[PDB]
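Accompanying notes for the structure given below.
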Amino acid sequence: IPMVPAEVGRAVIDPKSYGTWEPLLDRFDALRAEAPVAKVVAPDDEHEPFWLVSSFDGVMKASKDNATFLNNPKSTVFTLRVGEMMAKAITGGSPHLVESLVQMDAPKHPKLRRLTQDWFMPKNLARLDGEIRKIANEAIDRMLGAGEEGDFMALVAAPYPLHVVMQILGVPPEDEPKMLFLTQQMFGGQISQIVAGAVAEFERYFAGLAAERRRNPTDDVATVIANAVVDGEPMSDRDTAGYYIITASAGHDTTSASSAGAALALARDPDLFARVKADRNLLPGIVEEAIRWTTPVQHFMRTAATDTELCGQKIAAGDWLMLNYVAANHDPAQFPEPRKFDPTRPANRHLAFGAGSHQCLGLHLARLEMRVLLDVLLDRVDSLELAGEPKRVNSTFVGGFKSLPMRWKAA
Ligand code: HEM
């Protein structure tokens with residue numbers, strides 16, 4: 001049993017390691033080369049032990065072997081023992097606050113996933129070009145309305161993807177502060193009874209939204225969810241609400257982070273800014289690299305179903321494991337100069353969307369949201385730059401930017 005070095009075991013679980021970023025990257029360089037599958041054990045037992053998987057190859061094999069590496073038995077995100085208890089008191093014994101797609105395994109998982117799979121294809125999403133473009137123009141309206149200076153997060157990256165996800169879920173605009181509470185507080189990085197209450201309110205709320213989409217079906221994803229048939233029957237209100245909830249929470253901060261990372265890289269490299277300004281076909285490479293370079297979803301966990309080996313390391317039945325995508329996406333085995341923001345890297349070769357049977361349902365939509373936003377930005381600004389220091393959020397699960405002060409000149 002290889003052990004992670006003590007300092008690294010402390011760092012990998014610390015939200016501030018992700019805000020800081022660089023030192024953690026260095027610790028992954030040293031760890032991944034010596035022991036890409038290594039045990040993290042807390043000296044005073046504040047969390048259950050887990051295997052840190054730190055190489056691209058480890059995360060890739062772990063991700064693809066969904067029969068061996070399960071999402072349901074244990075919390076799907078790293079948590080300290082206290083958070084796990086809190087979750088179980090809130091739900092009456094499950095570690096999953098809400099139990100949605102990402103927390104399920106076969107046979108239930110693929111049945112529910114398959115429901116929206118067609119809707120999430122590029123083909124179908126291309127029908128939302130206009131609706132997204134309208135929300136991007138609204139985002140850039142706010143940017144330019146602020147003057148020649150302001151916080152890119154507050155103005156553009158934070159609200160925009162949430163507006164897009166409200167639009168595809170049929171959430172009315174006046175319910176925006178409820179959705180933000182949902183993605184910023186309920187999820188995001190006797191209080192048990194208020195969270196239990198709030199969960200139940202969201203479920204009742206989404207059950208009603210789904211009722212309306214059964215009466216008045218539309219082209220959006222809420223309609224697909226609401227009208228689903230599983231095993232000859234409709235989905236329960238719990239599952240139906242679970243589907244709305246995951247779409248919104250998987251869809252928001254993640255796309256905020258990569259949108260932000262893309263604007264950051266454009267702001268810091270004005271020669272690249274000018275080239276994509278003149279040739280928008282450069283945009284897909286930039287989008288893809290912003291997702292890799294930011295790695296908005298920083299880890300997911302798994303539980304081993306059975307005794308197995310990963311990278312020749314023995315893993316015992318019921319072992320908890322962290323698939324660390326930050327570590328995976330900065331592996332020099334796959335990425336030359338892993339640190340550099342490089343838009344010339346090829347598509348569909350990073351692990352920011354994971355791989356295997358849970359691979360991100362929304363990855364085409366995410367990419368599309370970013371491409372559209374950036375196209376709009378590029379038409380409407382002649383010049384962009386940083387006006388202060390970019391700050392990362394301190395969180396272990398979904399990361400991103402707290403603050404992104406910039407300065408620009410309106411085209
Ligand atoms: C840059 C933006 C995004 C990133 C980095 C990202 C990342 C991920 C990752 C790593 C997973 C788990 C994959 C695995 O376990 O192998 C996932 C799952 C998922 N994502 Fe995305 N995501 C993003 C955007 C979105 C968007 C915009 C939506 C929809 C609006 C979405 C919907 C989902 C859903 C429903 C799942 C669960 C899939 C399943 O369990 O089968 N995601 N995402």
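Going through the structure tokens in order, the chains are called A, B, and so on, while each chain numbers its residues from 1 and the ligands are numbered from 1 in the order shown.
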Please report as JSON lines every residue of chain A lying within 6 Å of ligand 1, along with the nearest atom pair and their distance in Å (one decimal), using only C-alpha atoms and all ligand atoms.
```
{"residue": "A:63", "atom": "CA", "partner": "ligand 1", "partner_atom_place_in_ligand_line": "16 (O)", "distance": 5.5}
{"residue": "A:101", "atom": "CA", "partner": "ligand 1", "partner_atom_place_in_ligand_line": "40 (O)", "distance": 4.4}
{"residue": "A:102", "atom": "CA", "partner": "ligand 1", "partner_atom_place_in_ligand_line": "40 (O)", "distance": 3.3}
{"residue": "A:113", "atom": "CA", "partner": "ligand 1", "partner_atom_place_in_ligand_line": "41 (O)", "distance": 5.5}
{"residue": "A:165", "atom": "CA", "partner": "ligand 1", "partner_atom_place_in_ligand_line": "30 (C)", "distance": 5.8}
{"residue": "A:246", "atom": "CA", "partner": "ligand 1", "partner_atom_place_in_ligand_line": "35 (C)", "distance": 5.6}
{"residue": "A:247", "atom": "CA", "partner": "ligand 1", "partner_atom_place_in_ligand_line": "30 (C)", "distance": 4.7}
{"residue": "A:250", "atom": "CA", "partner": "ligand 1", "partner_atom_place_in_ligand_line": "31 (C)", "distance": 4.6}
{"residue": "A:251", "atom": "CA", "partner": "ligand 1", "partner_atom_place_in_ligand_line": "26 (C)", "distance": 3.5}
{"residue": "A:254", "atom": "CA", "partner": "ligand 1", "partner_atom_place_in_ligand_line": "2 (C)", "distance": 4.4}
{"residue": "A:255", "atom": "CA", "partner": "ligand 1", "partner_atom_place_in_ligand_line": "2 (C)", "distance": 4.1}
{"residue": "A:258", "atom": "CA", "partner": "ligand 1", "partner_atom_place_in_ligand_line": "1 (C)", "distance": 5.4}
{"residue": "A:291", "atom": "CA", "partner": "ligand 1", "partner_atom_place_in_ligand_line": "1 (C)", "distance": 5.5}
{"residue": "A:296", "atom": "CA", "partner": "ligand 1", "partner_atom_place_in_ligand_line": "5 (C)", "distance": 4.9}
{"residue": "A:297", "atom": "CA", "partner": "ligand 1", "partner_atom_place_in_ligand_line": "5 (C)", "distance": 5.1}
{"residue": "A:352", "atom": "CA", "partner": "ligand 1", "partner_atom_place_in_ligand_line": "5 (C)", "distance": 4.9}
{"residue": "A:353", "atom": "CA", "partner": "ligand 1", "partner_atom_place_in_ligand_line": "10 (C)", "distance": 4.1}
{"residue": "A:354", "atom": "CA", "partner": "ligand 1", "partner_atom_place_in_ligand_line": "16 (O)", "distance": 3.6}
{"residue": "A:355", "atom": "CA", "partner": "ligand 1", "partner_atom_place_in_ligand_line": "16 (O)", "distance": 4.4}
{"residue": "A:356", "atom": "CA", "partner": "ligand 1", "partner_atom_place_in_ligand_line": "16 (O)", "distance": 5.6}
{"residue": "A:358", "atom": "CA", "partner": "ligand 1", "partner_atom_place_in_ligand_line": "41 (O)", "distance": 3.5}
{"residue": "A:359", "atom": "CA", "partner": "ligand 1", "partner_atom_place_in_ligand_line": "13 (C)", "distance": 3.9}
{"residue": "A:360", "atom": "CA", "partner": "ligand 1", "partner_atom_place_in_ligand_line": "18 (C)", "distance": 3.6}
{"residue": "A:361", "atom": "CA", "partner": "ligand 1", "partner_atom_place_in_ligand_line": "33 (C)", "distance": 4.5}
{"residue": "A:362", "atom": "CA", "partner": "ligand 1", "partner_atom_place_in_ligand_line": "28 (C)", "distance": 3.6}
{"residue": "A:363", "atom": "CA", "partner": "ligand 1", "partner_atom_place_in_ligand_line": "24 (C)", "distance": 5.4}
{"residue": "A:365", "atom": "CA", "partner": "ligand 1", "partner_atom_place_in_ligand_line": "27 (C)", "distance": 5.4}
{"residue": "A:366", "atom": "CA", "partner": "ligand 1", "partner_atom_place_in_ligand_line": "27 (C)", "distance": 4.3}
```
Could those residues be written to a file, using C-alpha atoms, as a CSV table (one decimal), in the first residue's frame?
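Result file is again04.csv:
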```
chain,number,residue,atom,x,y,z
A,63,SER,CA,-13.6,6.0,-15.4
A,101,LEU,CA,-28.1,10.4,-12.4
A,102,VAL,CA,-24.6,11.0,-11.2
A,113,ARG,CA,-29.4,8.6,-18.7
A,165,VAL,CA,-29.9,26.4,-17.9
A,246,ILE,CA,-28.7,17.8,-11.5
A,247,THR,CA,-29.2,19.6,-14.9
A,250,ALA,CA,-24.1,20.2,-13.1
A,251,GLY,CA,-24.8,23.0,-15.7
A,254,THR,CA,-18.9,24.3,-14.2
A,255,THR,CA,-19.7,26.3,-17.4
A,258,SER,CA,-14.5,27.4,-18.1
A,291,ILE,CA,-12.2,23.5,-20.2
A,296,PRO,CA,-14.0,23.1,-13.5
A,297,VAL,CA,-15.0,19.7,-12.0
A,352,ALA,CA,-12.5,17.4,-17.7
A,353,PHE,CA,-15.8,15.7,-18.8
A,354,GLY,CA,-14.7,12.3,-17.4
A,355,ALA,CA,-15.1,9.2,-19.6
A,356,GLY,CA,-17.1,5.9,-19.4
A,358,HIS,CA,-21.2,8.8,-16.6
A,359,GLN,CA,-19.3,10.9,-19.1
A,360,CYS,CA,-20.8,14.5,-19.0
A,361,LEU,CA,-24.2,14.5,-20.5
A,362,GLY,CA,-24.0,18.3,-21.2
A,363,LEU,CA,-20.5,18.5,-22.7
A,365,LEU,CA,-24.0,22.2,-24.6
A,366,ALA,CA,-21.2,23.5,-22.3
```
Shell of 10 Å around residue 287 (chain A), only C-alpha atoms, local chain residues under 6 positions omitted, as a ChimeraX atom specification: /A:258-259,261-263,293,343,347,366-371,374
Within 12 Å of residue 391 (chain A) using only C-alpha atoms, minus same-chain residues under 6 positions, as a list in words: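 So, after excluding close chain neighbours, the residues are residues 16, 18, 19, 20, 21, 151, 152, 153, 257, 260, 261, 264, 399, 400, 401, 402, 403, 404 and 405 of chain A.
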Can you write out the residues you just picked, keeping C-alpha atoms, as a CSV table (one decimal), in the first residue's frame?
```
chain,number,residue,atom,x,y,z
A,16,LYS,CA,-7.6,26.5,-0.4
A,18,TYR,CA,-7.6,24.7,-5.3
A,19,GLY,CA,-7.8,28.5,-4.9
A,20,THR,CA,-4.0,28.6,-4.8
A,21,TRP,CA,-3.7,26.0,-7.7
A,151,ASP,CA,-15.7,42.1,-12.7
A,152,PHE,CA,-16.1,39.6,-15.5
A,153,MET,CA,-17.5,36.9,-13.1
A,257,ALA,CA,-15.6,28.3,-14.5
A,260,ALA,CA,-14.1,32.6,-17.1
A,261,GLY,CA,-10.9,30.6,-17.8
A,264,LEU,CA,-8.9,35.0,-18.7
A,399,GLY,CA,-13.7,25.2,-8.8
A,400,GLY,CA,-13.6,28.4,-10.8
A,401,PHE,CA,-13.2,32.1,-10.2
A,402,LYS,CA,-14.4,34.2,-7.3
A,403,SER,CA,-13.2,37.4,-9.0
A,404,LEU,CA,-12.0,38.5,-12.4
A,405,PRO,CA,-11.4,42.2,-12.7
```
Region 28-178 of chain A: residues DSSP assigns to strand (DSSP E or B), reported as a list in words: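 Selecting the strand (DSSP E or B) positions of region 28-178 of chain A gives residues 37, 38, 39, 40, 50, 51, 52, 53, 69, 70, 149, 150 and 151 of chain A.
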For residue 320 (chain A), the nearest of the candidates A:36, A:58, A:73, A:285, counting only C-alpha atoms: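 Between A:36, A:58, A:73, A:285, the residue approaching residue 320 (chain A) most closely is A:73.
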Contact residues around residue 222 (chain A) with only C-alpha atoms at 9 Å, ignoring same-chain residues under 2 positions, as JSON, numbers by chain: {"A": [168, 169, 170, 209, 210, 213, 217, 218, 219, 220, 224, 225, 226, 227, 243, 244]}
Selection from above, C-alpha atoms, as a PDB file, in the first residue's frame, can you write it?
```pdb
ATOM      1  CA  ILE A 168     -33.733  24.849 -21.179  1.00  0.00           C
ATOM      2  CA  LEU A 169     -35.544  23.855 -17.917  1.00  0.00           C
ATOM      3  CA  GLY A 170     -38.445  26.316 -18.408  1.00  0.00           C
ATOM      4  CA  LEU A 209     -42.777  22.615 -13.421  1.00  0.00           C
ATOM      5  CA  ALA A 210     -42.761  19.055 -14.774  1.00  0.00           C
ATOM      6  CA  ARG A 213     -44.449  20.424 -19.409  1.00  0.00           C
ATOM      7  CA  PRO A 217     -44.648  19.995 -24.215  1.00  0.00           C
ATOM      8  CA  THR A 218     -41.940  22.005 -25.896  1.00  0.00           C
ATOM      9  CA  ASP A 219     -38.537  21.580 -27.531  1.00  0.00           C
ATOM     10  CA  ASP A 220     -36.565  21.990 -24.286  1.00  0.00           C
ATOM     11  CA  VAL A 224     -37.998  15.356 -22.139  1.00  0.00           C
ATOM     12  CA  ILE A 225     -37.615  14.801 -18.390  1.00  0.00           C
ATOM     13  CA  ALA A 226     -41.247  15.523 -17.580  1.00  0.00           C
ATOM     14  CA  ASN A 227     -42.604  13.156 -20.217  1.00  0.00           C
ATOM     15  CA  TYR A 243     -33.270  15.281 -12.968  1.00  0.00           C
ATOM     16  CA  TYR A 244     -34.089  19.029 -12.940  1.00  0.00           C
TER      17      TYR A 244
END
```
DSSP-assigned helix (DSSP H, G or I) among region 115-325 of chain A, expressed as a PyMOL selection string: chain A and resi 115-117+122-145+152-157+159-168+173-186+191-215+221-226+237-251+253-268+270-278+280-294+325
Spatial neighbours of residue 339 (chain A), max dist 10 Å, only C-alpha atoms, sep filter under 6 positions, as a list in words: residues 22, 25, 293, 329, 330, 331 and 332 of chain A
Nearby residues (only C-alpha atoms) at most 12 Å from residue 323 (chain A), same-chain spacing under 2 positions excluded, as a PyMOL selection string: chain A and resi 12+36-38+50-64+69-71+76-78+297-303+310+320-321+325-329+351-355+397
Can you write out the residues you just picked, keeping N, CA and C atoms, as a compact mmCIF listing (two decimals), in the first residue's frame?
```txt
# COMPACT_ATOMS: atom_id res chain seq x y z
N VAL A 12 -4.46 17.86 -0.79
CA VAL A 12 -5.44 17.40 -1.79
C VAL A 12 -6.89 17.60 -1.35
N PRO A 36 0.95 6.84 -8.82
CA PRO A 36 -0.32 7.36 -9.39
C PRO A 36 -1.61 6.82 -8.72
N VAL A 37 -1.49 5.82 -7.86
CA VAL A 37 -2.61 5.28 -7.09
C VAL A 37 -2.06 5.09 -5.68
N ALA A 38 -2.41 6.02 -4.80
CA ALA A 38 -1.79 6.04 -3.47
C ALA A 38 -2.84 6.41 -2.44
N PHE A 50 -9.10 7.10 1.35
CA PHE A 50 -9.38 6.88 -0.08
C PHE A 50 -8.06 6.76 -0.85
N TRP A 51 -8.13 6.16 -2.04
CA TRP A 51 -7.03 6.15 -3.00
C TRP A 51 -7.16 7.41 -3.87
N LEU A 52 -6.08 8.19 -3.91
CA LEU A 52 -5.93 9.29 -4.83
C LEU A 52 -5.40 8.70 -6.13
N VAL A 53 -6.18 8.86 -7.20
CA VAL A 53 -5.75 8.50 -8.55
C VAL A 53 -5.30 9.79 -9.27
N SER A 54 -4.01 9.88 -9.60
CA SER A 54 -3.42 11.14 -10.02
C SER A 54 -2.86 11.20 -11.42
N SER A 55 -2.90 10.11 -12.17
CA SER A 55 -2.40 10.11 -13.55
C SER A 55 -3.57 10.06 -14.53
N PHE A 56 -3.34 10.50 -15.76
CA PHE A 56 -4.36 10.50 -16.79
C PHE A 56 -4.81 9.06 -17.01
N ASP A 57 -3.83 8.18 -17.15
CA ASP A 57 -4.10 6.78 -17.44
C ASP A 57 -4.93 6.14 -16.30
N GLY A 58 -4.61 6.46 -15.04
CA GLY A 58 -5.36 5.91 -13.90
C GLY A 58 -6.81 6.37 -13.90
N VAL A 59 -7.00 7.66 -14.14
CA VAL A 59 -8.35 8.23 -14.11
C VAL A 59 -9.15 7.67 -15.29
N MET A 60 -8.47 7.48 -16.40
CA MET A 60 -9.13 7.02 -17.61
C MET A 60 -9.63 5.58 -17.44
N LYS A 61 -8.79 4.72 -16.88
CA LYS A 61 -9.15 3.32 -16.71
C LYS A 61 -10.20 3.17 -15.61
N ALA A 62 -10.00 3.89 -14.51
CA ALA A 62 -10.98 3.89 -13.45
C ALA A 62 -12.34 4.37 -13.98
N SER A 63 -12.34 5.40 -14.85
CA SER A 63 -13.57 6.03 -15.37
C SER A 63 -14.35 5.11 -16.29
N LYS A 64 -13.63 4.32 -17.08
CA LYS A 64 -14.23 3.45 -18.09
C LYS A 64 -14.75 2.13 -17.50
N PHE A 69 -15.90 0.22 -10.64
CA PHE A 69 -15.83 1.47 -9.88
C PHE A 69 -17.20 2.18 -9.88
N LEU A 70 -17.87 2.07 -8.73
CA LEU A 70 -19.29 2.45 -8.60
C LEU A 70 -19.49 3.84 -8.01
N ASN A 71 -20.60 4.48 -8.41
CA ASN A 71 -20.97 5.84 -7.90
C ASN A 71 -21.90 5.84 -6.71
N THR A 76 -20.35 10.58 -3.73
CA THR A 76 -19.72 10.72 -5.05
C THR A 76 -18.77 11.92 -5.05
N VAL A 77 -18.79 12.72 -3.98
CA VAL A 77 -17.82 13.79 -3.87
C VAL A 77 -17.09 13.66 -2.54
N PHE A 78 -15.82 14.04 -2.53
CA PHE A 78 -15.09 14.00 -1.30
C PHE A 78 -15.80 14.83 -0.24
N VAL A 297 -14.65 20.77 -12.89
CA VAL A 297 -14.96 19.66 -11.98
C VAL A 297 -13.64 19.03 -11.59
N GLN A 298 -13.26 19.22 -10.34
CA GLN A 298 -11.92 18.89 -9.95
C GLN A 298 -11.67 17.42 -9.53
N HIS A 299 -12.69 16.75 -9.01
CA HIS A 299 -12.61 15.32 -8.73
C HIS A 299 -14.01 14.74 -8.73
N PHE A 300 -14.11 13.43 -8.95
CA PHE A 300 -15.26 12.65 -8.50
C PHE A 300 -14.72 11.42 -7.77
N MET A 301 -15.56 10.83 -6.91
CA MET A 301 -15.21 9.63 -6.17
C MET A 301 -15.94 8.46 -6.78
N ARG A 302 -15.41 7.28 -6.44
CA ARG A 302 -15.91 5.96 -6.77
C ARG A 302 -15.72 5.02 -5.55
N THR A 303 -16.47 3.93 -5.55
CA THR A 303 -16.25 2.86 -4.60
C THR A 303 -16.02 1.57 -5.39
N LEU A 310 -5.53 -1.28 -10.13
CA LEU A 310 -5.53 -0.08 -10.96
C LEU A 310 -4.09 0.38 -11.11
N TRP A 320 -12.74 3.35 -1.19
CA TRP A 320 -13.12 4.67 -1.71
C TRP A 320 -11.97 5.21 -2.54
N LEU A 321 -12.27 5.85 -3.65
CA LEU A 321 -11.21 6.39 -4.50
C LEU A 321 -11.61 7.75 -5.01
N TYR A 325 -9.31 14.98 -11.46
CA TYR A 325 -9.25 15.40 -12.84
C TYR A 325 -8.28 16.57 -13.02
N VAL A 326 -8.04 17.32 -11.97
CA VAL A 326 -7.02 18.39 -12.06
C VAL A 326 -5.67 17.69 -12.31
N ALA A 327 -5.37 16.67 -11.49
CA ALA A 327 -4.14 15.90 -11.63
C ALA A 327 -4.11 15.22 -13.00
N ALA A 328 -5.22 14.65 -13.42
CA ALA A 328 -5.26 13.97 -14.71
C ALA A 328 -5.04 14.91 -15.92
N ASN A 329 -5.68 16.08 -15.90
CA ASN A 329 -5.56 17.01 -17.01
C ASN A 329 -4.23 17.79 -17.07
N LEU A 351 -9.76 14.92 -19.76
CA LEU A 351 -10.63 14.21 -18.85
C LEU A 351 -11.54 15.14 -18.03
N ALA A 352 -11.68 16.40 -18.44
CA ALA A 352 -12.52 17.35 -17.69
C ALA A 352 -13.99 16.97 -17.72
N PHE A 353 -14.42 16.28 -18.78
CA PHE A 353 -15.76 15.69 -18.83
C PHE A 353 -15.84 14.20 -18.35
N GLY A 354 -14.75 13.69 -17.80
CA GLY A 354 -14.67 12.28 -17.45
C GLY A 354 -14.75 11.42 -18.71
N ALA A 355 -15.12 10.16 -18.52
CA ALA A 355 -15.12 9.16 -19.56
C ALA A 355 -15.91 7.99 -19.01
N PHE A 397 -14.57 20.42 -4.89
CA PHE A 397 -15.37 19.76 -5.92
C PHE A 397 -15.40 20.50 -7.23
```
Test item: residues at most 10 Å from residue 267 (chain A), only C-alpha atoms, excluding those fewer than 3 positions along its chain, as a PyMOL selection string: chain A and resi 261-264+270-273+383-387+406-408
Generate a file of the selected residues that holds C-alpha atoms, formatted as a JSON list (two decimals), in the first residue's frame.
```
[["chain", "number", "residue", "atom", "x", "y", "z"],
["A", 261, "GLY", "CA", -10.93, 30.61, -17.82],
["A", 262, "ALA", "CA", -11.42, 31.23, -21.56],
["A", 263, "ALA", "CA", -11.91, 35.01, -21.04],
["A", 264, "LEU", "CA", -8.92, 35.04, -18.71],
["A", 270, "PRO", "CA", -3.89, 39.84, -26.87],
["A", 271, "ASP", "CA", -2.15, 38.35, -29.93],
["A", 272, "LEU", "CA", -4.40, 35.27, -29.53],
["A", 273, "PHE", "CA", -7.36, 37.64, -28.80],
["A", 383, "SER", "CA", -9.61, 45.20, -26.52],
["A", 384, "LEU", "CA", -9.55, 43.21, -23.28],
["A", 385, "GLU", "CA", -7.18, 42.94, -20.38],
["A", 386, "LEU", "CA", -6.87, 42.23, -16.73],
["A", 387, "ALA", "CA", -7.38, 45.04, -14.33],
["A", 406, "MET", "CA", -10.96, 43.29, -16.33],
["A", 407, "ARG", "CA", -10.83, 46.41, -18.52],
["A", 408, "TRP", "CA", -12.01, 46.71, -22.12]]
```
Atomic distance CA of residue 248 (chain A) - CA of residue 128 (chain A), expressed in Å with one decimal: 16.9 Å
Shortest interatomic distance to residue 200 (chain A) - which of A:159, A:98, A:117, A:171, counting only C-alpha atoms: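 Selected residue with least distance to residue 200 (chain A): A:98.
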